[PDB]
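Chemist: Dumping the structure here so I can ask a few things about it.
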Amino acid sequence: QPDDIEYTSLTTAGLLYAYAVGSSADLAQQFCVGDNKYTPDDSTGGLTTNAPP
Amino acid sequence: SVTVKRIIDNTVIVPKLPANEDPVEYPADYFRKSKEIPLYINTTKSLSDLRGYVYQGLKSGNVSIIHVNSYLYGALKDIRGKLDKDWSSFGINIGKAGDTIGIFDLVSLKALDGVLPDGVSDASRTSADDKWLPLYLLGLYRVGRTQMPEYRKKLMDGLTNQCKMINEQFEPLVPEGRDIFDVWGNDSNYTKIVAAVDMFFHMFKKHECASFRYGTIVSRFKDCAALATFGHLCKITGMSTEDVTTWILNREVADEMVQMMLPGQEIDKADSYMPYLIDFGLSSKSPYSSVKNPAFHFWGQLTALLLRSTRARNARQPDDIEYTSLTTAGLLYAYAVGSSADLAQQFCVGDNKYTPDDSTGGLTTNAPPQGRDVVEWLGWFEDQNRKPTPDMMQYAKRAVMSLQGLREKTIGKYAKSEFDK
Amino acid sequence: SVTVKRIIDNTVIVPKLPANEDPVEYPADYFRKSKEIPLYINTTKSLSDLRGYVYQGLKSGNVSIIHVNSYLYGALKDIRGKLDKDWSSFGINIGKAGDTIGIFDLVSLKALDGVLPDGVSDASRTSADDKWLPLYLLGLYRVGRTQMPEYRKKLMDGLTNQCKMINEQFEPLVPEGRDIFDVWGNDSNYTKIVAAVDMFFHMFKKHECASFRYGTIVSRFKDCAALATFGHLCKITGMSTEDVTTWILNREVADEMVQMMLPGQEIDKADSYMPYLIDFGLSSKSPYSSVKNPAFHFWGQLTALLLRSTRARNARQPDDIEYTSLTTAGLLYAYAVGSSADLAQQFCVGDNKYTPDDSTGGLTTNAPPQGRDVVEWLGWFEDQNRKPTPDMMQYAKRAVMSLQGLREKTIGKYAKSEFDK
Amino acid sequence: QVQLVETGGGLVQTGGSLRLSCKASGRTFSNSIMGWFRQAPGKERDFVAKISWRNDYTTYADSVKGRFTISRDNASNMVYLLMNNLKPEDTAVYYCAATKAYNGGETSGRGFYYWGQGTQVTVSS
Amino acid sequence: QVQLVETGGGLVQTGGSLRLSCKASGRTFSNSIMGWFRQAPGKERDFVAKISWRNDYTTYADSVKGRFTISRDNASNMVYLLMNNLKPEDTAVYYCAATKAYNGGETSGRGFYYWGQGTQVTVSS
RNA sequence: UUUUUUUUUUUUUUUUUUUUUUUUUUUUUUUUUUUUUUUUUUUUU
């Protein structure tokens, strides 16, 4: 742990970055068989706001 | 590569990383260069001389690897086996139909040239030694490749097999002897010998000298760990190799899967030069190793562990990979295989089978999918906002809890430390 | 095999795995080739010579297996019996009605050609030594099969059975002797001898020398554990072989179950060559082993353990199988057998029996089925969304808890650690 | 053995009405979006209506808004398309479509793994 | 990629009305501000109306207050601009804009990462 | 009296790394640390 740095701000930035990478797994289908891929549903309109990106 | 700039003054910055080539060599990219692998060996000394040469060389600390190779050739030279079918690999017909081939028909014998050691020869060493002296020399290729001292019970079981060959066999090595044969794996000709032994007796499993495979078996698929975890995952889940290939949901795991599934390396052929691509010098950097395929090893090994694998507990956790995304992928895959047991009747008595009921009109939505389709489980996982449900984390907890005797730097301690709290 | 594509760019990938043959050899496929099994033995040296050869060779570490075979033929040849009915197997009429056959009628005697000395000759050894030396040599096979300090546990009974024949018997081997007779497991003629002994005395039971089949009983159904788990399941559940067969809900267990039940291997004959297919060299790879039928072993054993079997808690957990699906299929089976007690009156006094009341009209929902039909329990399990009910998991907990002293790598510790918590 | 069976088509005059039934069988369509498409003679198949599983949220093509009423019954495993106030423009071959669980259904045809053989709808003057 | 499609423009007389529809696809706009811009040839591209994801908060330019009516449907993934009481000054090319998630949508064009090709709107006497 | 990290020569900053590697897995075979047969209160003149 180096000396004479802004431990607080750096910890908050690394906290938001680590929580972003941890939350957003960004899973996506890579291989398919019968040429059937995951097609997401866009008809979800209940307004699921206040959720992380 | 995309333009990056600092917003405070529009200064352009080019983020770049120290590169590491480490190119990977496939076995097929070798036989298009040379249509045969050479084995350099010295044929001047006689058999009875080399016998005592490496006996008294074994008893002391001094011994020449040229003497043990040049002795192994003479000891294993006049051994034969008749093929039941044609044998060919990488455009090399080493045998054909009812041919009777030998162990060194796989490699082309050349000649080693230079100064030879004097070798403090010994006499009075009869021929029965050659019944086990190769098995010794071969087995120490295995013992010398493990650095844990407790694990070198392999030397004791070598003493058991040789003691089976001759009842009064006793280790011709000092307790310092563990220093002697470790460098034996560094002589490319020695590795080309053990690889030829195991590649030989892998076709002839009925031969009386099959015990010689002890020690040489670690040469087959040496530096090929990830390719084995692919079969382990294809065995623990129960899904075909293609179906498991569909559950790959990470970019790195997909690139490594394509790297492993290059279609010209004979990874499905039974008796081929491929499993010995390291000792045979076919490749200096393997394409099927957990060093060049870390994300696949971590992913498949963790997914196997969550499915109650007894082998996966001690697999090592590689460095510099996306542990978070890979763990969410293995969590979803594992929970999908655990939830969807896919039970179905197999045998019937009065030709009455379980007929399902389609009249269930209550609409039990927001329930996990019924099978193991990647397409459905990805959508169900998108209904949970791509965050694991409490039943998933509890499923993983119930699988990694009651895991005792966990070594450091293993995926077992990783999953235990990740899900048991 | 189906085509797999990487959706990033329509590139084709072919996932393939290192195959492994390991084919399975059945006993009947042997007798269609050769209509008799040969036993190689040397008849030159007399009996009283071999009695001393083996005796003084036993006192030391050096003893020839050819000497103990050639001796055992002499010590057992004079013993014969008479059949109560015909005895034939795989089209080999070894006896007929009241024929008096010998222990070596089961095989055909051939001659072993090779060089062999007298080792050590010994006199003074009476013919009474011929009354226990065979029993000793045969028991050393059973002692040589196991490898742990219970080696001595079976050895000391090998002693306990000798003081019956001669009160002053003492093991003519050193404590090192644990290395001596393990070797004897690899001599084909020895395994054929012990297999002939057990196949013989299995017909003429309570014959005065039936104490010899101690040590040769481990040869009957050697490498045939899976069918023993089938009989154990049919005994613990209380159902028929067909009804138990219907409760197989996994494709792997189905393939293995069809593999075991080949209609031409005499697996139901009383006295047959089949139980000794390993030692009688009839098969190099057994069809009915917990190595070629791992899923049926784990399933049929875990289901027995959940039904409070005592044999099951020490059965070993096979590697590379579908642990999750097999556990669910065993939980449904065990829960159906445990809930459906199916109590029914068996005897009546005043010719009055229990008459059930059909005048109950309450819409009983989710009440488990009344019997052990797979067809109904699959529908009920379908109503539970193919997830074990909390009363199911609770039942498994009540069945595996309070289990103490569970050896590692067993299904007992697996069921305890999987259900109890 | 999953399949969609369409019935109810035929030839009618302009302004008439038809009712199209779709029997879905082989699996469970609880979390599946069901739909209808139509193939004009010499033209690629086009979207007309889709009904989801989330509160029966329906999406229609602009060519049929106000004329077609799509519905579904999960207890009967049926999907209906009510064709009122028809036009010769509506003359085509109507197919029933089904989607894998929690998988989206798009108007272009993306998603919709399951299809039927279809039925004929002819509208004349 | 994510794209925005504008339909419903055209040439009308002064006092008429148009209905611009914008289809936003390619991602999720649950926490994204939608909006409309316009550009007259030879003049600056200007702001007309925007609607946020918070309570559908509407912000109008003074040049259209009382005449235009912007709305959005998230279940339909669309955003409409209702153009009542049109003027010749309202002659322009109208673009649909959608800012990134949790980001502001300013009048200058700040934010508003996504844009559409636009639709023509001409108003004459 | 001074003083005030039981801080600091300078570099440095996994008590990381030759390379390769990754179940302190595996000869094969098998896997109740079951069984001679009876037999089953470490019951009883």
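Residues are named by chain letter and number: chains run A, B, ... in the order of the structure tokens, numbers start at 1 in each chain, and ligands are numbered from 1 in the order shown.
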Please return, as a count of residues only, all residues of chain A lying within 12 Å of chain E when only C-alpha atoms are considered.
Modeler: 15
Chemist: Find the residues of chain B in contact range of chain F, meaning any atom within 6 Å when counting only C-alpha atoms (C1' of nucleotides), and list them as a list in words.
Modeler: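 The complete set of qualifying residues is residues 148, 151, 211, 213, 214, 311, 314 and 315 of chain B.
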Chemist: Now that the selection is made, can you save its residues with C-alpha atoms as a compact mmCIF listing (two decimals), in the first residue's frame?
Modeler:
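Below is the file that was written, part.txt:
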# COMPACT_ATOMS: atom_id res chain seq x y z
CA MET B 148 5.93 -32.91 -3.83
CA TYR B 151 3.70 -37.75 -3.64
CA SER B 211 3.61 -53.05 -17.22
CA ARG B 213 3.61 -48.34 -19.39
CA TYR B 214 4.08 -47.51 -15.70
CA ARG B 311 -11.83 -34.62 -9.26
CA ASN B 314 -7.95 -30.03 -6.32
CA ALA B 315 -7.72 -28.43 -9.77
Chemist: Can you pull out every residue within 9 Å of residue 118 of chain C, counting only C-alpha atoms (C1' of nucleotides), but drop anything in the same chain fewer than 3 positions away, and send it as a PyMOL selection string?
Modeler: chain C and resi 45+49-50+53+67+121
Chemist: So that I can see what lies close to residue 252 of chain B, please list as a list in words the residues with an atom at most 12 Å from it, counting only C-alpha atoms (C1' of nucleotides) and leaving out residues fewer than 3 positions away in the same chain.
Modeler: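 Here the answer would be residues 27, 28 and 30 of chain A; 248, 249, 255, 256, 257, 258, 259, 292, 293, 294, 295, 296, 297, 298, 299, 320, 321, 322, 323, 325 and 326 of chain B.
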Chemist: Can you list, as a VMD selection string, every protein, DNA or RNA residue that comes within 9 Å of residue 34 of chain A when you count only C-alpha atoms (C1' of nucleotides), leaving out same-chain residues fewer than 6 positions away?
Modeler: chain C and resid 2 to 5
Chemist: Write down, as a list in words, each residue of chain B that has any atom within 8 Å of an atom of chain A, counting only C-alpha atoms.
Modeler: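 Written out as asked, the residues are residues 242, 243, 245, 246, 247, 248, 249, 250, 251, 254, 324, 325, 328, 329, 374, 375, 376, 378, 379, 382, 386 and 387 of chain B.
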Chemist: Provide as a compact mmCIF listing (two decimals) with N, CA and C atoms, in the first residue's frame the residues of chain B at most 8 Å from chain C, counting only C-alpha atoms.
Modeler:
# COMPACT_ATOMS: atom_id res chain seq x y z
N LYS B 164 7.69 -57.29 -8.18
CA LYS B 164 6.88 -58.32 -8.82
C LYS B 164 7.65 -59.01 -9.94
N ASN B 167 11.61 -60.92 -7.14
CA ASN B 167 11.16 -60.83 -5.75
C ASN B 167 12.13 -60.03 -4.89
N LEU B 227 -8.17 -30.06 -22.45
CA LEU B 227 -8.86 -31.06 -23.26
C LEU B 227 -9.44 -32.18 -22.41
N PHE B 230 -12.61 -30.83 -20.63
CA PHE B 230 -13.75 -30.83 -21.55
C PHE B 230 -14.49 -32.16 -21.49
N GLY B 231 -13.75 -33.27 -21.50
CA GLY B 231 -14.38 -34.57 -21.33
C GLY B 231 -14.95 -34.77 -19.94
N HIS B 232 -14.30 -34.20 -18.93
CA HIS B 232 -14.83 -34.28 -17.57
C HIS B 232 -16.17 -33.56 -17.45
N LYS B 235 -18.81 -35.46 -19.08
CA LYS B 235 -19.17 -36.65 -18.32
C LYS B 235 -20.00 -36.34 -17.09
N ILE B 236 -19.70 -35.23 -16.40
CA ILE B 236 -20.41 -34.91 -15.16
C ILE B 236 -21.81 -34.41 -15.47
N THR B 237 -21.94 -33.51 -16.45
CA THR B 237 -23.25 -33.02 -16.86
C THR B 237 -24.08 -34.14 -17.46
N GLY B 238 -23.54 -34.81 -18.48
CA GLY B 238 -24.27 -35.79 -19.25
C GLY B 238 -24.71 -35.31 -20.61
N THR B 241 -20.89 -33.30 -26.46
CA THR B 241 -19.83 -32.31 -26.58
C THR B 241 -20.33 -31.03 -27.26
N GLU B 242 -21.25 -31.17 -28.22
CA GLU B 242 -21.83 -29.99 -28.86
C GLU B 242 -22.71 -29.21 -27.89
N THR B 245 -20.64 -27.38 -25.72
CA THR B 245 -20.03 -26.27 -26.44
C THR B 245 -20.99 -25.10 -26.56
N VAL B 258 -12.18 -22.77 -29.77
CA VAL B 258 -11.80 -22.84 -31.18
C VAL B 258 -10.34 -23.22 -31.32
N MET B 261 -10.20 -26.91 -30.71
CA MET B 261 -10.90 -27.70 -31.72
C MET B 261 -10.48 -27.33 -33.14
N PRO B 263 -9.31 -28.52 -36.61
CA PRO B 263 -9.79 -29.81 -37.13
C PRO B 263 -8.76 -30.64 -37.88
N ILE B 267 -7.42 -35.36 -32.60
CA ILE B 267 -7.71 -35.47 -31.17
C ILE B 267 -8.80 -36.49 -30.87
N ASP B 268 -9.42 -37.07 -31.90
CA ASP B 268 -10.40 -38.14 -31.72
C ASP B 268 -9.87 -39.51 -32.12
N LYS B 269 -8.74 -39.57 -32.82
CA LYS B 269 -8.16 -40.85 -33.20
C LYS B 269 -7.61 -41.56 -31.97
N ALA B 270 -7.79 -42.88 -31.93
CA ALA B 270 -7.36 -43.68 -30.79
C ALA B 270 -5.85 -43.67 -30.64
N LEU B 307 -21.29 -29.36 -9.69
CA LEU B 307 -22.09 -30.55 -9.97
C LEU B 307 -21.58 -31.78 -9.24
N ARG B 308 -20.92 -31.59 -8.09
CA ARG B 308 -20.47 -32.68 -7.22
C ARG B 308 -19.37 -33.52 -7.88
N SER B 309 -18.36 -32.85 -8.44
CA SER B 309 -17.20 -33.56 -8.96
C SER B 309 -16.20 -33.80 -7.84
N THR B 310 -15.70 -35.03 -7.75
CA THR B 310 -14.65 -35.36 -6.79
C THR B 310 -13.26 -35.08 -7.33
N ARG B 311 -13.12 -34.96 -8.65
CA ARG B 311 -11.83 -34.62 -9.26
C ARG B 311 -11.57 -33.12 -9.23
N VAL B 337 -28.01 -27.38 -14.89
CA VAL B 337 -27.88 -28.84 -14.93
C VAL B 337 -28.44 -29.46 -13.65
N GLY B 338 -28.31 -28.77 -12.52
CA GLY B 338 -28.81 -29.29 -11.26
C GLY B 338 -30.32 -29.21 -11.13
N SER B 339 -30.90 -28.10 -11.57
CA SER B 339 -32.36 -27.96 -11.52
C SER B 339 -33.03 -28.91 -12.51
N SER B 340 -32.62 -28.87 -13.77
CA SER B 340 -33.22 -29.70 -14.82
C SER B 340 -32.55 -31.07 -14.80
N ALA B 341 -33.06 -31.94 -13.93
CA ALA B 341 -32.55 -33.30 -13.87
C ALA B 341 -32.94 -34.10 -15.11
N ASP B 342 -34.03 -33.71 -15.76
CA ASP B 342 -34.52 -34.35 -16.98
C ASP B 342 -34.75 -35.85 -16.77
N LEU B 343 -35.61 -36.16 -15.81
CA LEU B 343 -35.99 -37.54 -15.56
C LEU B 343 -37.02 -38.00 -16.58
N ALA B 344 -36.82 -39.20 -17.11
CA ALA B 344 -37.73 -39.77 -18.09
C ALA B 344 -37.72 -41.28 -17.96
N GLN B 345 -38.90 -41.88 -18.02
CA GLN B 345 -39.01 -43.33 -17.97
C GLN B 345 -38.23 -43.95 -19.13
N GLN B 346 -37.64 -45.11 -18.88
CA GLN B 346 -36.81 -45.78 -19.87
C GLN B 346 -37.34 -47.15 -20.27
N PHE B 347 -37.88 -47.91 -19.33
CA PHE B 347 -38.44 -49.23 -19.59
C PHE B 347 -39.89 -49.27 -19.14
N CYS B 348 -40.70 -50.08 -19.83
CA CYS B 348 -42.11 -50.23 -19.52
C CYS B 348 -42.46 -51.71 -19.45
N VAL B 349 -43.51 -52.01 -18.69
CA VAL B 349 -43.96 -53.39 -18.51
C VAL B 349 -45.17 -53.67 -19.40
N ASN B 352 -47.26 -49.34 -20.86
CA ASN B 352 -47.85 -48.12 -20.34
C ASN B 352 -46.71 -47.19 -19.93
N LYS B 353 -46.61 -46.05 -20.60
CA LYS B 353 -45.58 -45.06 -20.31
C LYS B 353 -46.20 -43.87 -19.59
N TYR B 354 -45.34 -43.09 -18.95
CA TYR B 354 -45.79 -41.84 -18.36
C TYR B 354 -46.29 -40.91 -19.45
N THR B 355 -47.60 -40.64 -19.45
CA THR B 355 -48.18 -39.70 -20.40
C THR B 355 -48.36 -38.36 -19.71
N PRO B 356 -47.65 -37.31 -20.12
CA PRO B 356 -47.76 -36.03 -19.43
C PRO B 356 -49.13 -35.40 -19.63
N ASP B 357 -49.44 -34.45 -18.75
CA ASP B 357 -50.71 -33.74 -18.76
C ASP B 357 -50.47 -32.33 -19.28
N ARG B 398 -24.85 -25.05 -1.00
CA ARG B 398 -25.09 -26.43 -0.59
C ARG B 398 -24.16 -27.42 -1.29
N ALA B 399 -23.55 -27.02 -2.41
CA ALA B 399 -22.61 -27.88 -3.12
C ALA B 399 -21.18 -27.71 -2.65
N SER B 402 -19.41 -28.27 3.31
CA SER B 402 -18.93 -29.61 3.65
C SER B 402 -17.85 -30.07 2.66
Chemist: What does the distance from atom CA of residue 146 of chain C to atom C1' of residue 33 of chain F come to in Å, to one decimal?
Modeler: 8.9 Å
Chemist: Could you list, as an MDAnalysis selection string, the residues of chain D having an atom within 12 Å of chain E when counting only C-alpha atoms?
Modeler: chainID D and resid 52 54:55 57:60 106
